[PDB]
Structures are given as structure tokens and as C-alpha cells.
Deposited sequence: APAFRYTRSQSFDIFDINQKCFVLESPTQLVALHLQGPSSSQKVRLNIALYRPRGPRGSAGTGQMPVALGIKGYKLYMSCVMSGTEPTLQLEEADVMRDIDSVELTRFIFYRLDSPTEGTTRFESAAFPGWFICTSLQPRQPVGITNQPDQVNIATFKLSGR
């Protein structure tokens, strides 16, 4: 279990300077943005949680679109999705742990990885190629990018 402490908004880019856009209500994509005002860069409203004991556990809100990121099984594959969810005070079930990621900062380099709490060993990643969905991988930074830079 995790209990909400506060939220803070951040810009995010991957290590190749791709940002996120909301391609459709259920899919984020990563691209090099310099487009029109129908392609609006996504910011994250990062909800920080305090654990029980069983670390910076966070939920990742898609700022202004009323969505949170989650990891769920689809078929037999771990999958990143976006779900309509309100702000969750208490994450106190295996089910709700789908919304929790461990924010893993490398302070010296200012980079960050996000590991799923529901699927340990799985990390948020982007394709090496632009205009592809944001996903999860158990081979972080291996023919994908799992390294991000956040700025508040």
C-alpha cells in the first residue's frame, strides 16, 4: 500500500529529445515536436506516494486530459495503457498497483527511469523511431529508450 502525498507537474523528454503527444485518448506517442497547435506536447502530473515499507513510488497523470498511465496484462503481454481515473488517495490493492511506478533518478546525470510496481522488471520506454507508441519493456535501453529527462 501507498498513500498519496502531493503532485507536481513536469515536462518530459526521452534521451533522444522526443516528447510525448496524445495521439488518441488511449495512446501516447513519442516524437520530435515542432508542429502546429493541433499537436500539443504532454506534461506529466506526477503524484508522489508514501509507501508502507514494501523508493519514490509515483502515479503518472497526463496533465489536463484526466488520464493516468497503468500497466496491465493484455492477452499474455504486459502493456502500458492510459485510463480515465481520478486522483487516488489510497493504492491498497494488487489491482490499483497498476498505476504505480518507481521513479528511479540518477541524480548526477539528471535522468530518470520508471519501473512498474505491478510488473517489476518492466520500464516505460520509447521506440528509437519517432511517431510510435510509448510502451513498457523488460530490456530497458536495449533497442529502445528507457531513459528520460524531467524538468519542473
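What ranges of the deposited sequence, counted from 1, have no C-alpha atoms in this structure? Those stretches are 1-2, 57-63, 162, listed in order.
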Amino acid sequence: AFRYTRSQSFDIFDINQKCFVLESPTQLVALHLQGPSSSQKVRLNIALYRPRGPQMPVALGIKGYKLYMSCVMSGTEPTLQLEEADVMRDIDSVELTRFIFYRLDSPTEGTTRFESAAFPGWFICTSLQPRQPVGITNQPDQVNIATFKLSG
From here on, numbers count along this sequence of modelled residues.
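I need to verify one thing: averaged over C-alpha atoms only, is the B-factor higher for 80-88 or for 103-111? Here the higher of the two C-alpha B-factor means belongs to 103-111.
139-147 versus 126-134 - greater average Cα B-factor per the deposited record: Taking the mean B-factor of the alpha carbons in each, 126-134 is higher.
Sorting the chain's CA B-factors, does residue 34 end up in the lowest, middle or highest third? Its C-alpha B-factor, which the entry lists for residue 34, ranks in the highest third among residues of this chain.
Ranked C-alpha temperature factor of residue 56 among modelled chain residues, by third: As the PDB entry reports it, the C-alpha B-factor of residue 56 lands in the highest third of its chain.
Chain-wide C-alpha B factor ranking for residue 41, given as lowest, middle or highest third: Highest third of the chain for residue 41's C-alpha B-factor.
Considering every modelled residue of the chain and its Cα B-factor in the PDB entry, is residue 66 in the lowest, middle or highest third? Middle third of the chain for residue 66's C-alpha B-factor.
Could you place residue 28 in the lowest, middle or highest third of its chain by Cα temperature factor, using the values in the record? According to the entry, residue 28 has a C-alpha B-factor in the chain's middle third.
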